[PDB]
Asker: 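One structure coming up, written as structure tokens, with questions to follow.
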Amino acid sequence: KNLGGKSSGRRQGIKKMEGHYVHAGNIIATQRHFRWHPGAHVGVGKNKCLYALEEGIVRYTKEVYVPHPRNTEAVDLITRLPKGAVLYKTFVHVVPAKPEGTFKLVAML
Amino acid sequence: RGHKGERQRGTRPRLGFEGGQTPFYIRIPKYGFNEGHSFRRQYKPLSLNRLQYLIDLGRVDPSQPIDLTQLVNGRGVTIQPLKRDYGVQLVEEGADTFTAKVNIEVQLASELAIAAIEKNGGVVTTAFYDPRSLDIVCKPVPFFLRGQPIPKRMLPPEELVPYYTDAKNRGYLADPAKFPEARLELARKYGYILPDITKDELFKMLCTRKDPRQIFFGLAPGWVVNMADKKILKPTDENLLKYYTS
Amino acid sequence: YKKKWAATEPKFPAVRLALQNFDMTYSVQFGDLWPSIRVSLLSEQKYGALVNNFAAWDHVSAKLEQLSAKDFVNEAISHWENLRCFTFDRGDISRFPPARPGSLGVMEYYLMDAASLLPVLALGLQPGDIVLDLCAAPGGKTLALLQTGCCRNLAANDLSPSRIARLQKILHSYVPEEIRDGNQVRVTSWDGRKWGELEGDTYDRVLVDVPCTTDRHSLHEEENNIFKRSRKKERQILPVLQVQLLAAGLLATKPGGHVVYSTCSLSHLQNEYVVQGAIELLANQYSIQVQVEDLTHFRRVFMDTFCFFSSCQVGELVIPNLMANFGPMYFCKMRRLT
RNA sequence: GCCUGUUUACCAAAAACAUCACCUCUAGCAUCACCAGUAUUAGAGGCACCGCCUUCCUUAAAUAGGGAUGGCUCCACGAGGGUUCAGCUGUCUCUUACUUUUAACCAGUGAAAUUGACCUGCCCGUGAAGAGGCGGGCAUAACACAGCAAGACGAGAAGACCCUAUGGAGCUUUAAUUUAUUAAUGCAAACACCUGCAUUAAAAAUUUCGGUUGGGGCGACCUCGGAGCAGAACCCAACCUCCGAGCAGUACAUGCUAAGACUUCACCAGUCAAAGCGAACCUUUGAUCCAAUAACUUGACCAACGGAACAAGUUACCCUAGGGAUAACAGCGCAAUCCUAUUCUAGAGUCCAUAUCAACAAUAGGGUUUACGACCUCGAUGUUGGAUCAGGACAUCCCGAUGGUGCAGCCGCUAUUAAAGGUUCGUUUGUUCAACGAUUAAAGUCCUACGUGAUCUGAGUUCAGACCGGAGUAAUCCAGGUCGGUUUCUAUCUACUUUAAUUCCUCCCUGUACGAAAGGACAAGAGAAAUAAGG
RNA sequence: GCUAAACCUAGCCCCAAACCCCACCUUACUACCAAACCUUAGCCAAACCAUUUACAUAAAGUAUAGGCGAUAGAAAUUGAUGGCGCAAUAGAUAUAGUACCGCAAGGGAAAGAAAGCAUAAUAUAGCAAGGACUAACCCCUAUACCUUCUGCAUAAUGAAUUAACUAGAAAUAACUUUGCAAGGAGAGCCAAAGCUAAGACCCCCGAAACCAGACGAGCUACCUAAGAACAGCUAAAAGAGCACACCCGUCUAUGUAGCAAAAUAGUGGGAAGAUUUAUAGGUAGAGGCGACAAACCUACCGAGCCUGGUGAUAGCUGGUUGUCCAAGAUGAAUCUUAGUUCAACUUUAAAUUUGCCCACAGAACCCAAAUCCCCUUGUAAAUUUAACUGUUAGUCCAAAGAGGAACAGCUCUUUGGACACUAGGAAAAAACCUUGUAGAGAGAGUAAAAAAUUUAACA
Ligand SMILES: [Mg+2]
Ligand SMILES: [Mg+2]
Ligand SMILES: [Mg+2]
Ligand SMILES: [Mg+2]
Ligand SMILES: [Mg+2]
Ligand SMILES: [Mg+2]
Ligand SMILES: [Mg+2]
Ligand SMILES: [Mg+2]
Ligand SMILES: [Mg+2]
Ligand SMILES: [Mg+2]
Ligand SMILES: [Mg+2]
Ligand SMILES: [Mg+2]
Ligand SMILES: [Mg+2]
Ligand SMILES: [Mg+2]
Ligand SMILES: [Mg+2]
Ligand SMILES: [Mg+2]
Ligand SMILES: [Mg+2]
Ligand SMILES: [Mg+2]
Ligand SMILES: [Mg+2]
Ligand SMILES: [Mg+2]
Ligand SMILES: [Mg+2]
Ligand SMILES: [Mg+2]
Ligand SMILES: [Mg+2]
Ligand SMILES: [Mg+2]
Ligand SMILES: [Mg+2]
Ligand SMILES: [Mg+2]
Ligand SMILES: [Mg+2]
Ligand SMILES: [Mg+2]
Ligand SMILES: [Mg+2]
Ligand SMILES: [Mg+2]
Ligand SMILES: [Mg+2]
Ligand SMILES: [Mg+2]
Ligand SMILES: [Mg+2]
Ligand SMILES: [Mg+2]
Ligand SMILES: [Mg+2]
Ligand SMILES: [Mg+2]
Ligand SMILES: [Mg+2]
Ligand SMILES: [Mg+2]
Ligand SMILES: [Mg+2]
Ligand SMILES: [Mg+2]
Ligand SMILES: [Mg+2]
Ligand SMILES: [Mg+2]
Ligand SMILES: [Mg+2]
Ligand SMILES: [Mg+2]
Ligand SMILES: [Mg+2]
Ligand SMILES: [Mg+2]
């Protein structure tokens, strides 16, 4: 009487652990809901996958979570916290490796 | 051979069969990648590098007009009319080091290749060949052994007519009045002084051009080449002469 | 498995199976009225048109009256003591033109069984009363409750996400953004059997339209026919589910509050035994007293538009008739005295 | 079943087929059948002669037998199927004697299946789960000849039965595809006949029988997604436990392009995306071909959801190739079920737990049922009963010896010990059982491939025939009822072929003990039988 | 020392060249009386099947066709006597289309120049041997082979044995070795080091079937023509009675490689009829004939037989022949789970450069064992390129779970181990334990490795 339930796994999770070198555009982690939040130089897709916006080293950190005020449910959740409480989340950052360019001598006019 | 099953029995399914799953080569949509492939015209490339190499090694004599026959005889290019080769296309590769004055007849020519040829003081003309004329030109001796009168060179198809009547392509059917203008335009565009070939001591050679209906330079349509006794039989019947001149 | 068998059953279609069940039960139940009910069920269904109070109600009423339909609801509240459903006269078989989006951007009217509006009119929606629809999520009665006032709060629950999505579709089509976004409309997909625990003595007016045999649609549509031979076990357990849902509604309604048990079946088993068993179970297992309120005045008021079976002791049964193919509809009003 | 007849040459002779009789349908006619016929005729189908109306008995015992268009009437007949009186008999109790054949020896002639090699023992254990060959024991000079049939999962047909194959074939159809061919019509074409083209039929023809699950049913499922199993990167099944979806709402940049990545373990497919350009300031289902559209684009199903463009039922009349990778008997596991024994006393037992019995449970043991597993065997082994002969266990039915007793005696009830011996004949039924009749000291519970068909039988069941009832459009089918239905083997090897009675009754003791009486002993002894063994 | 062994030409194969008296259609081989022409189908492939497929060179496997898929497929144009054969199971079937088989169509041979026994039976015990030994046996060790399986001494298959015969055919692309080289090639073709040549690589037997065309009604079914038989008694003109001949085949026994590929003995049914039966003729295969039994149609008829298509097809079974070494083991889709394709694994060759192990740091909220990731370090492997078969719906053990009954030598998923590989041990022993890399030794140290338990007084 139990049908369905034959769906395969989504192969989600972290694709780049901490310290892994990541080029711009590489997907860092795919998640179904926000297990890891985007940090510095990390973007978010429609499906909440984290990709590197710059070329660098992936780092995972814990930071205080302050949601966008337009996120009404999160704002209410915060409104219900006690005074000392601060929410925390796991964030993924890309520490950019190369400089974004150098000045070169082109012509000795 | 393995153990039992179709593979030991020797009866495994055909190549491309995937056990019943719709095969890869059939589940991909049909697209016109190769539509009309056998009717597309093909032109063997002749880079100016290759032309200069042939001239330097003496396999192609620049002192005489260079046409497809001379290229093939020097083995500078291999033409396969049966594989829809319509002739030779000049290619700009090697233009910056081309230093040969040549009178060359080709089927296609890039603007830069024309520029290089003309800057060196030579002349380039794009001449069309139907498959039959091309076969005869590439391998004349077998044709002469066939014992048939030299046929007329057919005119380009309608789509190719504008190309060979355009002076910017140095088309062999283009108005020669417009050639000086086009040559000056190329000289201006590519920053070289157009050499007045009329003053050159090989001006006659640089000017020789076979008639649009002529396959070989000095042979007219309708002639029969008797190689056995080194003779050329020419028809005299008025009907045959009119046909071979038309 | 044994492939070959001495004899196999006739392999009836579900429609014929439902007809046979109805013939063997309702024939006894109704005596000489069974042939009329049978022909009415097998014939076409008479659809009423419920104008959308959230649209150009006067204009739509004028158009329907031009189509010669009359609002049976309008000339009923006067004797019984916003809802407007236009139905053709007894004997007329004229259809209603298909509903089309209105000037305001919402569907002008809903073509629904006029019989599936009496429970709403009998629940007695008073202004400023909190309303529950325990399982009723085919639209219908739910949309009728919505098109009652702009000063009322209503919750609609149904275990089936598909039916909840259907409610949402009709809401987006008819109810405007103002009301739909407002708390006035609160839709959920939970199990009604545990609704007594989920909320208790919260709601003032409850509508419990338990899943039923839906006799007319059972005879009409073969797909998911409740009378298919394999699903006999579910058919047999339907009474338990109905009793549990009615008990949950009676638990959720406030003391002194009102509930309306509703069904789209002729079965006395699903009509009167359900309510009596719910009363017994909820007065013993929970020690809560419920009184069945008389609707004989309601019967007389709506006799002109509907034909009612009188022999039913508790509740009211709109039986279909050829003159008014509007049934079936069983509804019972129950006030929780404790 | 009317009858005489016919039939499965080679397992069925029948109730089946035919049959006179009767009914129904079709045909108004001649020169090759019908027919050299003509409605009292001919062809086909159905039906069945004909005729009339609308708990008791049997037995001693009786699953047997007989009786209390439709409904009946059986004259005669029958190698039909049942029952019975009487008789008869070696059918049997219960077998014996003789003759012939066969046989064995002598002489002549001289096969067949079979055969890996064999220098070919028994017990227990083990093991691909049944051992001559392995482990531990025991035994053991070597050879003929004659018997036997327990084993060599003995020999015979790549047995029977069951399952599989995108293997055959047959049959039936409202399976799919056709109408080439005929027959009708219609339209043209030639001015009855004929050609072409359509439509409808008849007759046929070709082709198919998806997958996974389900023993007592009357189906469920097949694609995608969420949760658990699967706790923490990913990944993980199921007839596994639950839930959901085949889109909607929105807008109409919800545009175009493009670094770099992810990826449902392949591919197909599916995701994310910086920068840039352009407007502005979105949250799940399906390929290819093929069609349609000028194109942009779009469609039908393909839900058996990686998708045959279009094909179902059935076969016991079946066939082939295989399968112990897959059913039933059997073997082997297991012990839910079953059976046995202890512990606890609830409790009954007039009180009284424990003389006796016993609930809820607990602990052991067994492998006798009903099931479960699919491990051996599908490259000739049906199965059940019966016959014959039995080997063994003891958890003892009788006989023996004891303890207790709610045993005065007799009697029982209970328990310990005891496997030397014994453990009936009949009616119904194929029966194991069972009931019944009569006995008995008793008529034990089991295992042995539910022992034993190369020893027998074939009654049930199982194959080809046929009915009744039922299902099915039909073909066919059926856990049902019934009548009928081929049982091969010359023995090579192992093994084997001559190993101190029991009971009952009568009598004496003795109508003595015991007992109020009724009733009624032990122990010991004698005589009768009967059986068993040996003569 | 018997049986036997052997032999070499009788001929044959493939090429070249060349174009090769009399009698007899009636019942053939009998001296002599009044009319032909007309599509092949189907197997098979498409993994079914239904349209479809299936009866010089070069252009070119191109244009085209095609359930646009399996596959089919041009033309214009170009012009072109010998034997690394057999030698009597071979080569022709061939000494002969004979003998022989068949009613017929038709099938169709053989052959000419060791094994088995005997000399000489046999000795406790056992895969028949090996280690040995003074010594054959006695001692110790040792569960035939092949195939099919997770796993076979297996009481699974095949094999009596000897001799002879009897089974891997080829492309695309690679790689290796030459030649020449921006060209190669003896036209066509290819070419961004290619091209040319060579070398290496793709089995045997077997259905039930289908269709075409013949041949069959001397059996049998029915029918046609013209024949024949039926005692005796009883009864009278009979589908009458009893009962011979005759026909049949009820029941029993025998027989079961038989006397017999359906019989014998007895018993029994009919026996003047719808009888039995001789002769000749007819009906022919999807057909005939049928008192329907799916009966019969030349012993094997749910659709004859023969030849041909045909070497049918077989995802199924069986078989697949010298020596030696090396590497080598458990997902997806699928009319699919007895198969195949892709992946993974595996093998070979090649390129160059990191690979595994791996601490710290790091990987989530909701509501355990461990895992992932990688500096070092121990190490030497990994990735990629080219080519590629085969294995790929396993077993048990430990562990975490699910189902079942907290059964199963039960069924599923996961981690790991072992087995399908050597040896030692646990009795025998696939899966437990010890242990592995190979040989000889009449040396040595070790590994795992042997069960333990005996128990009721009472103030
Ligand atoms: Mg899941
Ligand atoms: Mg094999
Ligand atoms: Mg295989
Ligand atoms: Mg009869
Ligand atoms: Mg017979
Ligand atoms: Mg006969
Ligand atoms: Mg017989
Ligand atoms: Mg009897
Ligand atoms: Mg008779
Ligand atoms: Mg003799
Ligand atoms: Mg044993
Ligand atoms: Mg043996
Ligand atoms: Mg003997
Ligand atoms: Mg077989
Ligand atoms: Mg992937
Ligand atoms: Mg499918
Ligand atoms: Mg599929
Ligand atoms: Mg298994
Ligand atoms: Mg055998
Ligand atoms: Mg005892
Ligand atoms: Mg048993
Ligand atoms: Mg029988
Ligand atoms: Mg039968
Ligand atoms: Mg029966
Ligand atoms: Mg019988
Ligand atoms: Mg008989
Ligand atoms: Mg026998
Ligand atoms: Mg014998
Ligand atoms: Mg095929
Ligand atoms: Mg040609
Ligand atoms: Mg020969
Ligand atoms: Mg010898
Ligand atoms: Mg064997
Ligand atoms: Mg086998
Ligand atoms: Mg054998
Ligand atoms: Mg005859
Ligand atoms: Mg006579
Ligand atoms: Mg007579
Ligand atoms: Mg007959
Ligand atoms: Mg019949
Ligand atoms: Mg039959
Ligand atoms: Mg025959
Ligand atoms: Mg073959
Ligand atoms: Mg090795
Ligand atoms: Mg498919
Ligand atoms: Mg297969």
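All chains are named by letter (A, B, ...) in the order of the sequence lines, taking the proteins before the strands, and each is independently numbered beginning at 1.
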Asker: Give a yes or no on whether a salt bridge exists between B/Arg146 and B/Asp135, defined as a side-chain N under 4.0 angstrom from a carboxylate O.
Answerer: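 Salt bridge: yes.
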Asker: Under the 6.0 Å and 45° cation-pi test, does A/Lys89 pair with A/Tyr65?
Answerer: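 Ring-cation test returns yes.
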Asker: Which residues in residues 80-87 of chain B have a heavy atom closer than 4.0 Å to any atom of RNA chain E?
Answerer: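 Listed by number, they are B/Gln80, B/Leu82, B/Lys83, B/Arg84.
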Asker: Can the ring centroids of B/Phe216 and B/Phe143 be said to lie less than 6.0 angstrom from one another?
Answerer: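 Here the rings of B/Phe143 and B/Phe216 have centres that are no less than 6.0 Å from each other.
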Asker: Give a yes or no on whether E/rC8 and E/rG112 are a Watson-Crick or wobble pair, applying the 3.5 Å threshold to both distances.
Answerer: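 A pair, by the stated definition.
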Asker: Could you check whether A/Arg10 and A/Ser7, counting side-chain N and O atoms only, form a donor-acceptor pair closer than 3.5 Å?
Answerer: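 Looking only at side-chain atoms, A/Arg10 and A/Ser7 do not form any donor-acceptor pair under 3.5 Å.
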Asker: Tell me whether the side-chain N/O atoms of A/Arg35 come closer than 4.0 Å to OP1 or OP2 in E/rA364.
Answerer: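 For E/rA364, OP1/OP2 do have a side-chain N/O of A/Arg35 under 4.0 Å.
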Asker: Can you see a Watson-Crick or G-U wobble pair between D/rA230 and D/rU96, using both distances under 3.5 Å as the test?
Answerer: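 D/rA230/D/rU96: base pair absent.
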Asker: Looking at B/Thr78 and E/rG183, is any side-chain donor or acceptor paired with a base atom of the opposite kind under 3.5 Å?
Answerer: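 Such a pair is found, so the answer is yes.
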Asker: Considering every strand shown, what is the Watson-Crick or G-U wobble mate of D/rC122 when both distances are under 3.5 Å?
Answerer: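 With both distances under 3.5 Å, D/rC122 matches D/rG137.
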Asker: Map B/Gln21 and B/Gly76 onto RNA chain E by nearest heavy atom, then report which one ends up closer to the 5' terminus.
Answerer: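 Comparing both residues, the 5'-ward one is B/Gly76.
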Asker: Using a 4.0 Å cut-off on heavy atoms, which residues in residues 29-48 of chain B reach RNA chain E? List them by number, or say none.
Answerer: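 RNA chain E contact set from residues 29-48 of chain B: B/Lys30, B/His37, B/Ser38, B/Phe39, B/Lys44.
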Asker: Do any of residues 56-69 of chain A sit with a heavy atom less than 4.0 Å from RNA chain D, and if so which?
Answerer: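 By residue number: none to list.
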Asker: Taking only heavy atoms on the protein side, list every residue of residues 168-194 of chain C lying under 4.0 Å from any atom of RNA chain E, sorted numerically.
Answerer: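 The stretch gives none, as no residue of it lies under 4.0 Å from the strand.
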Asker: Applying side chain to side chain donor-acceptor pair (under 3.5 Å), which residue pairs with at least one partner in residues 1-20 of chain B are found, sequence neighbours left out?
Answerer: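 Applying side chain to side chain donor-acceptor pair (under 3.5 Å) to every pair that reaches into residues 1-20 of chain B, excluding sequence neighbours, yields B/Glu18-B/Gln21.
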Asker: May I ask you to establish whether B/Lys152 and B/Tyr243 are in a cation-pi arrangement, using a distance under 6.0 Å from NZ or CZ to the six-membered ring centre and at most 45° from the ring axis?
Answerer: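 Checked: cation-pi criterion met.
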Asker: Determine the sugar pucker of E/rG249: a positive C1'-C2'-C3'-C4' angle counts as north, a negative one as south.
Answerer: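 Negative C1'-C2'-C3'-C4' torsion, south pucker.
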Asker: According to a 3.5 Å cut-off on both distances, are D/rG186 and D/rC11 Watson-Crick or G-U wobble paired?
Answerer: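 No; nothing between D/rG186 and D/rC11 satisfies the definition, which requires both distances under 3.5 Å.
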Asker: Examine D/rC94 and D/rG116 and say if both key distances are under 3.5 Å for a Watson-Crick or a G-U wobble pair.
Answerer: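 Under the 3.5 Å cut-off on both distances, the two nucleotides are not paired.
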Asker: C/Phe227 ring centre to C/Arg235 NZ or CZ under 6.0 Å, with the angle to the axis within 45°?
Answerer: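 No, cation not above the ring by the 6.0 Å, 45° rule.
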Asker: Would you please confirm or rule out a distance under 4.0 Å between OP1 or OP2 of E/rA182 and any side-chain N or O of B/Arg75?
Answerer: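 For E/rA182, OP1/OP2 do not have a side-chain N/O of B/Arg75 under 4.0 Å.
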Asker: If you compare every side-chain N and O of C/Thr8 against the phosphate oxygens of D/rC218 (OP1, OP2), does one of them come in below 4.0 Å?
Answerer: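 No, no such contact exists.
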Asker: Ion pair present between C/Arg193 and C/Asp191, side-chain N to carboxylate O less than 4.0 angstrom?
Answerer: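 Yes.
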Asker: Evaluate E/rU254 against E/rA153 for Watson-Crick or G-U wobble pairing; both distances have to be shorter than 3.5 Å.
Answerer: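 Pairing fails for E/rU254 and E/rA153, missing the Watson-Crick or G-U definition.
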Asker: Could you list the residues that satisfy side chain to side chain donor-acceptor pair (under 3.5 Å) with C/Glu221, not counting sequence neighbours?
Answerer: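 Once residues adjacent in sequence are excluded, C/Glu221 has no partner under the side chain to side chain donor-acceptor pair (under 3.5 Å) criterion.
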Asker: Does A/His23 contact D/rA261 through a side-chain donor or acceptor facing the base, at a distance under 3.5 Å?
Answerer: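 Check fails, no donor-acceptor contact within cut-off.
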Asker: Does either side chain, that of C/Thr188 or that of C/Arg186, offer a donor lying less than 3.5 Å from an acceptor on the other one?
Answerer: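 The answer is yes; a qualifying pair exists.
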Asker: At a heavy-atom distance below 4.0 Å, what parts of residues 128-140 of chain B sit against RNA chain D?
Answerer: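 Result for residues 128-140 of chain B: none.
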Asker: In chain order, what residues pass the side chain to side chain donor-acceptor pair (under 3.5 Å) check against B/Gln107, with sequence neighbours excluded?
Answerer: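 Side chain to side chain donor-acceptor pair (under 3.5 Å) check on B/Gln107 returns nothing, list empty.
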Asker: Using the six-membered ring of each base, decide whether E/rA428 stacks on its neighbour E/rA427 (centre distance under 5.5 Å, planes under 30°).
Answerer: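 Judged on centre distance and plane angle, the pair counts as stacked.
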Asker: Can you see a Watson-Crick or G-U wobble pair between D/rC277 and D/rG255, using both distances under 3.5 Å as the test?
Answerer: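 Check passed, canonical or wobble pair found.
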Asker: Taking atom P in both D/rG365 and D/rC334, what distance in whole Å separates the two?
Answerer: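 Comparing P positions in D/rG365 and D/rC334 gives a spacing of 13 Å.
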Asker: Both distances under 3.5 Å, Watson-Crick or G-U wobble: does E/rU392 pair with E/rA135?
Answerer: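 E/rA135 does not match E/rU392 under the WC/wobble rule.
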Asker: Within the stacking criterion (centroid distance below 5.5 Å, interplanar angle below 30°), does C/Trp5 stack on D/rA471?
Answerer: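 So no, this residue does not stack on that base, at least one cut-off failing.
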Asker: With the sugar-phosphate defined as primed atoms, P, OP1 and OP2, and the base as all remaining atoms, what B/S/- string results for nucleotides 311-319 of chain E, 5' to 3', for protein heavy atoms under 4.0 Å?
Answerer: ---SBBBSB
Asker: Please determine if a side-chain N or O atom of B/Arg12 lies less than 4.0 Å away from the OP1 or OP2 oxygen of E/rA47.
Answerer: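 For E/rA47, neither OP1 nor OP2 has a side-chain N or O of B/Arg12 closer than 4.0 Å.
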Asker: Determine, using purine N1 to pyrimidine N3 plus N6-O4 or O6-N4 for Watson-Crick, or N1-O2 and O6-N3 for G-U wobble, whether E/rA156 and E/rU279 pair with both distances under 3.5 Å.
Answerer: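 Paired, no.
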Asker: Under 3.5 Å between N/O atoms: give me all the protein pairs with nucleotides 270-272 of chain D, atom names plus distance.
Answerer:
residue: D/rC272; atom: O3'; partner: A/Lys46; partner atom: N; Å: 3.3

Asker: When the P atoms of E/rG270 and E/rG241 are considered, how many whole Å apart are they?
Answerer: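 Pairwise P distance, E/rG270 against E/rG241, rounds to 8 Å.
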Asker: Verify, without hydrogens or angle tests, whether A/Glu54 (side chain) and A/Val95 (backbone) share a donor-acceptor contact under 3.5 angstrom.
Answerer: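 Checked: no pair found.
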Asker: For the nucleotides E/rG403 and E/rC410, report whether a Watson-Crick or G-U wobble pair is present, with both relevant distances below 3.5 Å.
Answerer: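 Yes, a Watson-Crick or G-U wobble pair.
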Asker: Could you tell me whether the phosphate oxygens of D/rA327, OP1 or OP2, come under 4.0 Å of any side-chain nitrogen or oxygen in C/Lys2?
Answerer: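 Checking C/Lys2 against D/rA327: no side-chain N or O falls below 4.0 Å of OP1 or OP2.
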Asker: Output the rounded distance in Å from NZ (C/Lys4) to P (D/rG313).
Answerer: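 About 15 Å, once rounded to whole Å.
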Asker: E/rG79 and E/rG83: how far apart are their P atoms, nearest whole angstrom?
Answerer: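 Straight-line distance between the two P atoms is 37 Å.
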Asker: Check this one for me: any side-chain N or O of B/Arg1 less than 4.0 Å away from OP1 or OP2 of E/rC202?
Answerer: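 For E/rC202, OP1/OP2 do not have a side-chain N/O of B/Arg1 under 4.0 Å.
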Asker: For the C1' atoms, the ones on D/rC52 and on D/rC77, what distance do you get once it is rounded to whole angstrom?
Answerer: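 It comes out at 23 Å once rounded to the nearest Å.
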Asker: Pick the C1' atom in E/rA123 and in D/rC106, then give their distance to the nearest Å.
Answerer: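 To the nearest whole Å, 33 Å.
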Asker: Is there a side-chain contact between B/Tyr53 and the phosphate of E/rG183, meaning an N or O under 4.0 Å from OP1 or OP2?
Answerer: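 Yes.
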Asker: How do C/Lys3 and C/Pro161 order along RNA chain D: which one's closest nucleotide is nearer the 5' end?
Answerer: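 Result: C/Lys3.
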Asker: Please identify each residue that fulfils ring-ring contact (aromatic ring centres under 6.0 Å, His included) with B/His37, with sequence neighbours left out.
Answerer: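 B/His37 satisfies ring-ring contact (aromatic ring centres under 6.0 Å, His included) with no residue once adjacent residues are dropped.
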Asker: Quick one: do E/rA18 and E/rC19 stack, meaning six-ring centroids under 5.5 Å and planes under 30°?
Answerer: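 Not both cut-offs are satisfied, so the bases of these neighbours are not stacked.
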Asker: Is E/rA123 syn or is it anti, if syn means the base angle is within 90 degrees of 0?
Answerer: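 This nucleotide is in syn.
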Asker: Is there stacking between E/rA228 and E/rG227 - six-membered ring centres closer than 5.5 Å and planes within an angle under 30°?
Answerer: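 E/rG227/E/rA228: stacking flag true.
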Asker: Stacking test, D/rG159 against D/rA158: centre separation of the six-membered rings below 5.5 Å and plane angle below 30 degrees, yes or no?
Answerer: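 In short, no, the neighbouring bases do not stack by the stated criterion.
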Asker: For RNA chain D, which residues in residues 2-16 of chain A have a heavy atom at a distance below 4.0 Å?
Answerer: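 The stretch gives A/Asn2, A/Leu3, A/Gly4, A/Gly5, A/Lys6, A/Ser7, A/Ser8, A/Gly9, A/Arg10, A/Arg11, A/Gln12, A/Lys15 as the residues lying under 4.0 Å from the strand, ordered by number.
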Asker: Decide if a Watson-Crick or G-U wobble pair links D/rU356 and D/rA348, counting it only when both distances are under 3.5 Å.
Answerer: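 When the criterion is applied, D/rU356 and D/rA348 count as a base pair.
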Asker: If we define stacking as six-membered ring centres under 5.5 angstrom apart and planes under 30 degrees, are the neighbouring bases E/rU353 and E/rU354 stacked?
Answerer: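 No, E/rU353 and E/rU354 do not stack on each other.
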Asker: Just N and O in the side chain of A/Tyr21: are any of them under 4.0 Å from OP1 or OP2 of D/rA261?
Answerer: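 So the side chain of A/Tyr21 is outside the cut-off, no N or O lying under 4.0 Å from OP1 or OP2 of D/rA261.
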